[PDB]
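Each of the two blocks below gives one form of the same protein chain as structure tokens; they are labelled structure 1 and structure 2.
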Structure 1
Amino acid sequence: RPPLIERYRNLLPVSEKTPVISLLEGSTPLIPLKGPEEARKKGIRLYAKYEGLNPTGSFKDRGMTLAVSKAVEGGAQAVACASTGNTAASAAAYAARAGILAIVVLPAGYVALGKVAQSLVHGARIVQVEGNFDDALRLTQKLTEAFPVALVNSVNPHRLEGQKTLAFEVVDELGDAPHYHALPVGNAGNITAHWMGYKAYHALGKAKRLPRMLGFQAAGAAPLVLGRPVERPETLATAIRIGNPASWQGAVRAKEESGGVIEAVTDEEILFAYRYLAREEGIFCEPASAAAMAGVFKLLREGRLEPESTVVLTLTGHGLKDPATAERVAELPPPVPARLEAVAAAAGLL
């Protein structure tokens, strides 16, 4: 696992003066999937780029390594965001690695300790303000303008450049870009970066073809499917519970230029794919990440994937990011006497 910035140095906005703040993120496994049967019946091969195996458990590490490295190169004493999720955790981990502050501004009483616990252990400075979520974003902006603090939010150009490397790794591995590439779409910075990576590698000549990007959003938070912002987003897939994507334009360009789509999958569909990956492929990912697999199931049922094609799915986060969704009251059989036969019977071996 080389530092991501070093693996693609000549293709990234870095110089010899750029301080490489790396946790050896990237270079994640591209697991060939066994099925599903719907796909095998048509010679369609699926590969899961397992981004949950990045340092903080999310693909965001790809963008953060570059963003914090550049921030430091600029003399920044800290980075900031107004996120309560995987962004804050990634920012905090890299800030810690750099020896600088990670600042997260949020409306008081909004988040639970459990959700920001990861970023806090990394020493994140979480500032709850007595105001609205608009007050937090705003105060964040001014912090970035009055002090040496870099904003590492969704639109940070460096986060997008770093996230582009995922496409590079896929082509390096497969020998070419896949026919299709599915992934979840929240603020849409990831699908925008994926498309950037593919176009860049294509121009470089390492990728002969360009994949059709397949973006999927939860039905309850599908502004890019609906073609309008969603004021009241909702879904068990927290990572993509977004009503106004920050990289809206980037997503639409990626979709259009790649000849792809951005469609919706229901929470039931997301939950189904979530279970499928865990029980059938042995891959535990976040519900939002599962949306990508739900998306492939959807198009397979609709007969919209060409036979004999290759499909790559970016499973964005690790299942451990959201234990709650995995801890529904199990309702396990009652205990059995400490007798072997009883045990084998309970284990279903008889």
Structure 2
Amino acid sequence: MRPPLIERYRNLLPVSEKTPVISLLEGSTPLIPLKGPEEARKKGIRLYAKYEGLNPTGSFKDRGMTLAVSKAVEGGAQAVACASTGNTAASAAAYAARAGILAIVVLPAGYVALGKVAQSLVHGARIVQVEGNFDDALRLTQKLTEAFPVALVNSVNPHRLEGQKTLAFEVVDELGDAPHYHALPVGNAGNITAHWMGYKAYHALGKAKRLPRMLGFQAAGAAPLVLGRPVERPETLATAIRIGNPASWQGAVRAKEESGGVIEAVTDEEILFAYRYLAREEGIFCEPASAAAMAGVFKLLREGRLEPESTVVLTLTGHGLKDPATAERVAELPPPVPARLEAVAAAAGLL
């Protein structure tokens, strides 16, 4: 029996008997141990993939949305709103539907994967596509929630992060201690901040004896945290993190500093390589943005900056089905052949 995330960690969340539990049964995702890569195995470095693509709406956002929406409804909210590169919008839409309230999502025109758009569509969210990027959308949405009785459910809402910190809890619960390293993508920066919050809380509770080094990775075309200043024209095929001015900037920096980790850039080429590696070699399909976490691991490995005899946990943020269009970038679909055995056997390379 898979429990609502809010119930699994009720004692560690800002809820009470008065809180309406709006759950689609999120969290408690699998922690898949990885075979390699060989580059890691030879150094006594093993990897685990926290597969967040198996959350109800396909991404880790559900962890924060369940709490955010539940608390909003508790406060009487009739509607919720959020700007998004796709996943937060899909999550807000699904939970709003579950709760029976209105969901308004603002998206950057042309920079949202088809899977995500399809989700906001089908779940019935009121969609607004703006002729601008995510950063513009976020600025606009916050102003919208200041002029109308609509609950803002973007990461700036504390409940989003309190809910997402549970990912750290689950890793420790399963492994018995926090890992030496925890890698994940960084877009608006709420997740890296939530992970660290989770690890610190569990360490204070004594459930984790050690504190992991947080390894955050941004796409080279949208790496404000890496360059040290906002990026006016963020660019990258991993549109989930096509973000130039992260709202949790300070949270990310502190997480990096406090944990002794890093926040670095990986190229779109490196993202595609890791993306293909996970799917073709480990049998795990995550969207490009998520693959950035693995790309980061590959990077530090090749540079000898990951200590031997360590456990590395990767947070694969979203399922690959979120963005099917990118598959054609790492593989080719063979043209159709006649429905005759001969043609099939040849096409299958069995002749």
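Residue numbering: sequential along structure 1, first residue numbered 1. Rigid core (definition): largest C-alpha set, two forms, superposition within 1.5 Å.
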Checklist outcome for this item: Candidates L106, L151, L210, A219; compared between the two structures on the rigid core, the one with a C-alpha shift of 2 angstroms or more is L106
Checklist entry - Would you say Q128 moves its Cα by 2 Å or more between the two structures, aligning on the core? => result yes
Item to check | Core-superposed C-alpha of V170 shifting 2 Å or more between the two structures | outcome: no
Next on the checklist: Superposing on the rigid core, I want to see if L183 changes position between the two structures - specifically a Cα shift of 2 Å or more.
Outcome noted: no
Checklist outcome for this item: Shift in angstrom of the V230 C-alpha between the two structures, rigid core held fixed, comes out at 0.3
Next on the checklist: Using a rigid core fit, what is the CA shift at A117 between the two structures, in angstrom?
Outcome noted: 2.2
Checklist entry - Once you lay the two forms on top of each other by their rigid core, how far has the C-alpha of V329 moved between the two structures, in Å? => result 9.5
